[PDB]
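Engineer: To kick things off, part of the complex as it is:
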Amino acid sequence: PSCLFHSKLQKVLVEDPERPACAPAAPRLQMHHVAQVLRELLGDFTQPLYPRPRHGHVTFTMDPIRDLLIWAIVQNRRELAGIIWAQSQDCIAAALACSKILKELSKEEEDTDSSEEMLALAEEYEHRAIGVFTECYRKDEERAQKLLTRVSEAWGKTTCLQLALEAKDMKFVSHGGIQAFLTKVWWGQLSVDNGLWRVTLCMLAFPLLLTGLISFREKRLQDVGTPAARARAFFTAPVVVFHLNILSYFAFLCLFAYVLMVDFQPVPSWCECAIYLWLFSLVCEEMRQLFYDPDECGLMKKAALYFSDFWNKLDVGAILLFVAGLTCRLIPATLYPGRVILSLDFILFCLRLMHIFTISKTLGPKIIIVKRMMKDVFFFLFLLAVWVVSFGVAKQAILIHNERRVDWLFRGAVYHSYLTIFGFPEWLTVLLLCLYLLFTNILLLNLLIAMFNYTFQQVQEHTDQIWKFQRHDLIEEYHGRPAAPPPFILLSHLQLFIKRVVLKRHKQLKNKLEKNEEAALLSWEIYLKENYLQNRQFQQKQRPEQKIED
């Protein structure tokens, strides 16, 4: 009862409302209760582990050992769970599940000693999962590739990699083989090695792909040339879809700029409706991004997660600004404001071009850096603002008499304040100018020196792993995104809408495998586990404190 999990279980069980009739007041403890607190600790995406009965000799579950490991891990029993993990079923999912549960618990720990050990144990389990995975990958590559995409029926019908992404398993995803898997699924059907410029070259030319100017793995396509199927597999690769999408985006913004510049006119031209319908197709694709999830999570949680997306938040802000400016252009009396409102719309699109350099080798880290630095840029902006308006109202008050000029005094005062801030009257003039060079030209720049040296030096190392971690989700999106450009995404949109009107993830990310194949796979990894363990304890014997004890 000293642990945090007992208090959380008691707070659930006391708030359990559906137990009306019994001899006592405190009804019972059922397994669906601890399943319910486990689901809220673990995340929304999994199913409930234990089912609720809709109502023998010995009732036996799918596996006892997982629940035993859960019982051991919620109470921070270290050496016990270290023992019983050796008899696991599929240890790679198991150590991930325990590290995620430990990380989700240790943040809410509210104790200055339990949180630290709770974190360190999760780090050790990360190391265990890494160590078994680097063994089984080194045994055979392509078979171990199948291990990640496999759904585990044990852990509530999920696969391990989305669980690791949920756990922020930063040391785990940074392994070479998993990144190679990501690169393999990123480069689509063809071979991986073509570089970047040759992709653009075959992007420019249609019949080059039918000729002998490009690579293919899966040599049936490389030897037997079916150029319809070859072009189909070529367009199926998400690099191609990404490049055509960014090209269509570039053409869309350029034509939007030209039509906004010279073709503004009160009657509707054809071009304004053209860019309007381009944006309309774009926001239908963005709505499709909201309405996909076959994992039946919270629709409120789905909209919160998509609203938690920074780029999606900027996108819907630009949509709201566009639909404000469109009805201001609809008013014939507000033509000059509404037009320049759309000008801001162009700015709210070009910031989307900062979305590119995540795919760069090096620049993505700097995007992470400026995303960090914005957080105190904001609350420094507030203080510089109140300082400069204090100096401005002082400058307005000193060298004039009291006049009620609403547009004469305020505008000239704001112009003088901006001229100051863009960087016998002799004694008072020297005092004003020396104060101006004193507080403005020195202090707050040094505040930014200290604050930004701090917010740089606090993070100037591990960001490469953060970029490697952040690599996944865009590949996830573009595998999910269809292959048509936003001028032609409507053909897919109508087909998907009528398909869901009259009536599923891809198999390359999640698949119910064959059971006898899965048993062979499980026996293989469970054979490799003991091979890991022997050398593990052998090298752990070689620490000098152990030899001192011996």
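Structural biologist: Perfect, I can see it now. Residues are numbered from 1 along each chain as shown, chains lettered A, B, ... in the order given.
Engineer: going forward, measure contacts and count neighbours with C-alpha atoms only.
Structural biologist: Fine.
Engineer: Contacts only, for residue A:345.
Structural biologist: By CA atoms under 8 Å, 6 or more residues apart in numbering, residue A:345 lies in contact with A:318, A:321, A:322.
Engineer: ugh, wrong one, I meant residue A:171
Structural biologist: Applying CA under 8 Å, 6+ apart, the residues near residue A:171 are A:126, A:465.
Engineer: roughly how far apart are it and residue A:146?
Structural biologist: Remark: distance between residue A:171 and residue A:146 (CA to CA, to the nearest Å) = 21 Å.
Engineer: cool, and residue A:534?
Structural biologist: In terms of CA to CA, residue A:534 sits 25 Å off from residue A:146.
Engineer: quick one: which of the two has more around it?
Structural biologist: residue A:146 (14 against 11; other CA atoms under 10 Å).
Engineer: The more buried one belongs to a helix?
Structural biologist: Yes. According to DSSP: H, G, I helix; E, B strand; the rest coil, residue A:146 belongs to a helix.
Engineer: quick one: which of the contacts of residue A:345 is nearest residue A:67?
Structural biologist: residue A:318 (48.3 Å; CA to CA).
Engineer: contacting residues for that closest one?
Structural biologist: Taking CA under 8 Å, 6+ apart, one finds A:345, A:348, A:349 in contact with residue A:318.
Engineer: Can you list which of these are found in strands?
Structural biologist: Among the contacts of residue A:318, no residue falls in strands (DSSP state E).
Engineer: and which of those residues is nearest residue A:314?
Structural biologist: For the contacts of residue A:318, the nearest to residue A:314 is residue A:348 (7.6 Å; CA to CA).
Engineer: What sits closest to that closest one if chain neighbours are left out?
Structural biologist: Using CA to CA, 6 or more residues apart in numbering and skipping the chain neighbours, the partner closest in space to residue A:348 is residue A:318 (5.7 Å).
Engineer: Relative to residue A:39, how far out is the one you found?
Structural biologist: 36 Å.
Engineer: again, but for residue A:347
Structural biologist: Taking CA to CA, one finds residue A:347 at 43 Å from residue A:39.
Engineer: Contact partners for the residue lying closest to residue A:106 once chain neighbours are set aside?
Structural biologist: Nearest-residue entry for residue A:106: residue A:115, 4.8 Å, with adjacent residues in sequence omitted and distances by CA to CA, 6+ apart. Counting by CA under 8 Å, 6+ apart, residue A:115 touches A:106, A:107, A:109.
Engineer: neighbour-wise, which of those leads?
Structural biologist: residue A:106 (19 neighbours).
Engineer: Now that that residue has come up, it's in contact with residue A:118, right?
Structural biologist: Yes. Applying CA atoms under 8 Å as the test, residue A:106 and residue A:118 come out as touching, 5.8 Å apart.
Engineer: Need the nearest residue in space to residue A:264, chain neighbours excluded.
Structural biologist: Nearest one to residue A:264, counting by CA to CA, 6+ apart, is residue A:339 at 7.5 Å.
Engineer: With only the CA atoms kept, save the host helix or strand of that neighbour in CSV.
Structural biologist: In this structure, residue A:339 sits in helix A:335-350 according to DSSP states H and E. Taking C-alpha atoms only, helix A:335-350 is exported to CSV below (Å, rounded to 0.1, in the frame of the first residue of the first chain):
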residue,chain,number,x,y,z
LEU,A,335,-11.5,45.3,-50.9
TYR,A,336,-8.2,46.9,-49.7
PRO,A,337,-8.2,45.3,-46.2
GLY,A,338,-9.4,41.8,-47.3
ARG,A,339,-6.8,41.6,-50.1
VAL,A,340,-4.0,42.3,-47.7
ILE,A,341,-5.5,39.8,-45.3
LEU,A,342,-4.9,37.2,-48.0
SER,A,343,-1.4,38.6,-48.2
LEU,A,344,-0.9,37.3,-44.6
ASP,A,345,-2.3,34.1,-45.9
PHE,A,346,0.7,33.8,-48.2
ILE,A,347,3.0,34.2,-45.3
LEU,A,348,1.1,31.5,-43.4
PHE,A,349,1.8,29.2,-46.3
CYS,A,350,5.5,29.8,-46.7
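Engineer: Let's add chain B too:
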Amino acid sequence: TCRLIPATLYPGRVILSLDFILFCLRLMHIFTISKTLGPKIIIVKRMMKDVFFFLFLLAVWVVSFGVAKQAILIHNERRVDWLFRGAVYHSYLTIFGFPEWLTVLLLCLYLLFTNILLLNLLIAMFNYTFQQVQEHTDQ
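Structural biologist: Putting chain B onto the chains we already have gives this:
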């Protein structure tokens, strides 16, 4: 050969002017033989690599702000050499560093994103590309 063309005497001459610039950078080749300065040549040779890809992003930011500034405070005119040159001059004057509310909004955005952020990006990037190499360069 531009000086060879008698009709292109003013461009070709100033082309050779750039030639003089392309020779004086060769004088940076000297201070490798210095005791101490050669390391700093190595340092700037390191720093050019992200100077380039920062230059791209500052360029697209300033041209976005420039086309915004062109679009806001004028009517639609087809001036090819009148509007574009004055717009580029106003953008360079900005980047070298009841209209009251809109003027305060434009000037506060100008002091907001330009006068703060990208300099701090260079602070972080160049503190990083300095501190990653600030030791073994003598060897």
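Engineer: once more on the nearest residue to residue A:264, this time with chain B?
Structural biologist: Distances taken as CA to CA, 6 or more residues apart in numbering or on different chains place residue B:76 nearest to residue A:264, at 7.0 Å, with adjacent residues excluded.
Engineer: So what's the residue count around that neighbour?
Structural biologist: 15 (other CA atoms under 10 Å in any protein chain shown).
Engineer: which residues of the stretch 151-300 of chain A fall in helices?
Structural biologist: A:160-167, A:170-173, A:176-186, A:197-204, A:220-223, A:227-236, A:238-262, A:270-290, A:299-308 (DSSP state H, counting those that start in this stretch).
Engineer: what's next to the fifth one, contact-wise?
Structural biologist: Contacts to helix A:220-223, defined as CA atoms under 8 Å, 6 or more residues apart in numbering or on different chains, come from residues A:215, A:216, A:230.
Engineer: Now do the contacts for the first one.
Structural biologist: The neighbours of residue A:215, taking CA under 8 Å, 6+ apart as the test, are A:190, A:191, A:194, A:222.
Engineer: wait, isn't residue A:148 in contact with residue A:160?
Structural biologist: Yes. The pair residue A:148 / residue A:160 is scored as a contact, 6.1 Å apart, by CA under 8 Å.
Engineer: Show me the residue at the heart of chain A, geometrically.
Structural biologist: The residue lying closest to the centre of chain A (CA atoms, centre = their mean) is residue A:473, at 5.8 Å.
Engineer: With just CA atoms, put the helix or strand harbouring that residue into PDB.
Structural biologist: Using DSSP H and E, residue A:473 sits within helix A:472-480. Taking Å, rounded to 0.1, in the frame of the first residue of the first chain, the C-alpha atoms of helix A:472-480 are listed here in PDB:
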ATOM      1  CA  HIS A 472       9.200   7.900 -38.400                       C
ATOM      2  CA  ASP A 473       6.000   9.800 -38.400                       C
ATOM      3  CA  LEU A 474       6.300  11.600 -41.700                       C
ATOM      4  CA  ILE A 475       7.100   8.200 -43.400                       C
ATOM      5  CA  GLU A 476       4.000   6.900 -41.600                       C
ATOM      6  CA  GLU A 477       1.900   9.800 -43.000                       C
ATOM      7  CA  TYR A 478       3.100   9.400 -46.600                       C
ATOM      8  CA  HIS A 479       2.600   5.700 -46.600                       C
ATOM      9  CA  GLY A 480      -0.900   6.500 -45.400                       C
END
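Engineer: following it, which helix or strand shows up next?
Structural biologist: Counting by DSSP H and E, what follows helix A:472-480 is helix A:490-502.
Engineer: thought residue A:1 was touching residue A:8?
Structural biologist: No. Using CA under 8 Å, residue A:1 is not in contact with residue A:8, being 10.4 Å away.
Engineer: now the biggest helix by length in chain A against helix B:100-109, angle please.
Structural biologist: What stands out as the longest helix in chain A, according to DSSP state H, is helix A:363-398. For helix A:363-398 against helix B:100-109, the angle by axes from the mean of the first three to the mean of the last three CA atoms, to 10 degrees is 130 degrees.
Engineer: residues making contact with the next helix or strand after helix A:363-398?
Structural biologist: Sequence-wise, the next helix or strand downstream of helix A:363-398 (DSSP H and E) is helix A:409-421. Contact partners of helix A:409-421, identified using CA under 8 Å, 6+ apart, comprise A:388, A:391, A:392, A:395, A:396, A:403, A:436, A:440, B:100, B:104, B:107.
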